[PDB]
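So you can see what is in the structure, the chains are spelled out below.
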Amino acid sequence: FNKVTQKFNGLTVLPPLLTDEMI
Amino acid sequence: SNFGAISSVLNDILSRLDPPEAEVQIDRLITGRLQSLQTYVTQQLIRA
Amino acid sequence: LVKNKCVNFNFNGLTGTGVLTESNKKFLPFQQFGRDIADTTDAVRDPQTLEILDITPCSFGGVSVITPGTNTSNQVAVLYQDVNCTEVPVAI
Amino acid sequence: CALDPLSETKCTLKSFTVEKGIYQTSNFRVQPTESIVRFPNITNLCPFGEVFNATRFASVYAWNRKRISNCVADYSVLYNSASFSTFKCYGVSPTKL
Ligand SMILES: *[C@@H]1O[C@H](CO)[C@@H](O)[C@H](O)[C@H]1NC(C)=O
Ligand SMILES: *[C@@H]1O[C@H](CO)[C@@H](O)[C@H](O)[C@H]1NC(C)=O
């Protein structure tokens, strides 16, 4: 989890259903 | 991108021109922005 | 000049809508407005006061309704998809 | 369709029955409460009379240019004049000036 690295235009990001805690 | 319209800011278009001339400018932005979304969604379907 | 609420604005013909606030952006004296990574105007200098104002877009989001199925009940819950609950009631 | 979120959902799905689920139907937006205008605090009118009522005019090969700056330009005095046999604008409309 340490290795891997606009909204106002009508872009959004929805959250995943399972959290990283659940996975 | 302006897509051949007078400006890419549609508030600027709509501030400078009266309606029958604003419409033909806005339609150039609408068609360019539709083609941009259509391209993006097609490639997201292929990545998915 | 009206801060801290959503307004239409026009500075020297630079029109828009949004919330105006005071700004930490330390413009050099010749700079007239600020622009973001998307090349969107996001701060401005007031032409009479010479104060720097941040521009924040007026709150918005998606709306979605949760249903137990019509066959079960006609009551529902609503999700305002990316807002703080403090903002919500002005949806009316 | 606009009565209530469930009615809006029925109307979104185009069915009188809605099965169990979550559906996105609309966008929330806050609405502008006021308008403001902020322009420079200056008052001297732009010198259009010195251009339009000049006695001498140049030959077209040696055309004059004048620079207009630091003034308030009322264009209505021009487009509401009866005088002009031509008043064509490009990239702007006269009424908006
Ligand atoms: C919600 O809004 C209040 C008031 O601005 C703020 O104190 C709080 O930190 C916010 N919480 C979130 C999660 O946005
Ligand atoms: C002087 O110029 C202005 C601007 O074109 C014009 O309105 C006015 O009629 C002219 N003056 C006279 C006395 O006609």
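Residues numbered from 1 in each chain as written, not as in the entry; some residues may be left out. Chains lettered and ligands numbered in written order. Part of a larger assembly, values for the part shown. Heavy atoms only, no water.

Per the deposited record, determination of this structure is attributed to cryo-EM, with the resolution reported as 2.42 Å.

S.K.: Explain the sheet that holds strand β7 (residues 77-80) of chain C to me, please; I cannot follow it from the model alone.
M.R.: Spatially, β7(C)-β6(C)-β1(D) is the arrangement adopted by the 3 strands of the open sheet, whose pairing is antiparallel. Edge positions in the sheet fall to β7 of chain C together with β1 (21-29) of chain D, since each has one partner strand and no second. Sheet twist, expressed as the mean angle between neighbouring strand axes with direction ignored, is 25°. In terms of strand pairing, strand β6 (residues 60-67) of chain C meets β1(D) through 8 bridges, oriented antiparallel. What sits directly across from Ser64(C), in β1(D), is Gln24(D). Seen against the sheet, helix α1 (residues 5-13) of chain D touches β6 and β7 of chain C together with β1 of chain D and runs at an angle of roughly 105° to β1(D). (Pairing = 2+ DSSP bridges. Helix = DSSP H or I, 4+ residues; strand = E, 2+ residues; numbered from the N terminus. Axes fitted to C-alpha atoms, helices over the stretch in contact; angles between N-to-C directions. Contact = heavy atoms within 4.5 Å.)

S.K.: Quick question: what am I supposed to make of the interface of chain D and chain C here?
M.R.: Frequently, the measure chosen for interface size is the accessible area removed from exposure when the parts meet. Counting from both sides, the interface comprises 30 residues of chain D and, opposite them, 40 residues of chain C. Between chain D and chain C, the buried area comes to about 2900 Å², and carbon and sulfur atoms account for 57% of it. Three residues, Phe28(D), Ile36(D) and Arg38(D), lead the burial of chain D against chain C; their summed loss comes to 31% of the area buried on that side. The salt bridge involving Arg38(D) is made with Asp46(C); its shortest N-O contact spans 2.8 Å. Counting across the interface, chain D meets chain C through 18 residue pairs in polar contact. Those elements that provide at least two residues to the side of chain D that touches chain C are α1 and β1 of chain D. The leading source of residues in the side of chain D that touches chain C is β1(D), at 9 residues. Taken together, the residues of the side of chain D that touches chain C break down into 13 nonpolar, 11 polar and 6 charged. (Buried area = accessible area lost by both parts, 1.4 Å probe. Salt bridge = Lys/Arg side-chain N within 4 Å of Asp/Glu carboxyl O. Polar contact = N/O pair within 3.5 Å; in protein donor to acceptor, adjacent residues only side chain to side chain. Nonpolar A, V, L, I, M, F, W, Y, C, P; charged D, E, K, R; others polar.)

S.K.: Could you clarify how one ought to interpret the UniProt feature "disulfide bond" in chain D in this entry?
M.R.: Residues and elements named next belong to chain D. Inspection of the UniProt-annotated bridge between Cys1 and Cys11 gives a sulfur distance of 2.0 Å, within the under-2.5 Å criterion for a formed disulfide. Residue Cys1 is located in the segment before α1, and its partner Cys11 is located in helix α1; the two are separated by 10 residues in the primary sequence. Judged by its relative accessible area of 30%, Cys11 falls in the partly exposed class. With its sulfur atoms 2.0 Å apart, the listed UniProt disulfide between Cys46 and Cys71 is closed in this model. Residue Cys46 is located in the loop between β1 and α2 (49-52), and its partner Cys71 is located in the loop between α2 and α3 (76-79); the two are separated by 25 residues in the primary sequence. For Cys46, a relative accessible area of 11% translates into the label buried. Residue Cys71 is classed as buried on the basis of its relative accessible area, which comes to 18%. (Disulfide = S-S within 2.5 Å. UniProt positions renumbered as here; feature names shortened; annotations may be inferred. Buried < 20%, exposed > 50% of the residue type's maximum accessible area, 1.4 Å probe, protein only.)

S.K.: Quick question: what am I supposed to make of the site of ligand 2 here?
M.R.: Residue and element names in this part refer to chain D. All residues adjacent to ligand 2 are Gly49, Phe52, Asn53 and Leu78. One nitrogen or oxygen atom from the side chain of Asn53 is found 2.3 Å from an oxygen atom belonging to ligand 2. Compared with its free state, where it exposes 360 Å², ligand 2 has 40% of that area covered by protein. (Near = heavy atom within 4 Å. Areas by Shrake-Rupley, 256 points an atom, 1.4 Å probe, with all protein chains shown as cover.)

S.K.: How do you make sense of the layout of surface pockets when you look at a structure like this?
M.R.: A probe matching the size of a water molecule, rolled over the atoms, marks out where space remains unfilled. Residue and element names in this part refer to chain C. Space inside the second largest pocket adds up to approximately 530 Å³. When residues of the lining of the second largest pocket are assigned to their parent elements, the largest contribution, 4 residues, is made by β6. Classifying every residue of the lining of the second largest pocket by side-chain character gives 10 nonpolar, 9 polar and 3 charged. (1 Å grid on protein atoms, 1.4 Å probe; cavity = no way out; pocket = protein on both sides within 12 Å on 5 of 7 lines; lining within 4 Å. Points joined across faces, edges and corners; volume = space filled by probe spheres on them.)

S.K.: Is there a simple way to think about the pattern of salt bridges in this case?
M.R.: Where charged atoms of side chains with opposite charge meet at close range, the side chains can pair. Applying the stated criterion across every chain, the model contains 7 salt bridges over all chains. Residue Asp12(B) is joined to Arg16(B) by a salt bridge in which the shortest nitrogen-to-oxygen separation is 2.8 Å. Residue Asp12(B) and its partner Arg16(B) are both found in helix α1 (residues 10-16); the two are separated by 4 residues, about one turn of the helix. A salt bridge links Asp39(C) to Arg35(C), with the shortest nitrogen-to-oxygen separation between them at 2.9 Å. The exposure class of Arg35(C) is partly exposed, given its relative accessible area of 44%.

S.K.: I keep staring at the nonpolar core and nothing clicks. Help me out?
M.R.: A general feature of soluble globular proteins is that nonpolar side chains tend to end up buried together. The biggest cluster of nonpolar side chains holds 9 residues, and these are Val2(C), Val7(C), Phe9(C), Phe11(C), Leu20(C), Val44(C), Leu53(C), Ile55(C) and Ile36(D). Among the elements of the structure, β1 (6-11) and β5 (52-56) of chain C are those that each provide at least two residues to this core. Counting residues per element, this core draws most heavily on β1(C), which supplies 3 residues. (Core = buried A, V, L, I, M, F, W, Y, C linked by side-chain atoms within 4.5 Å.)

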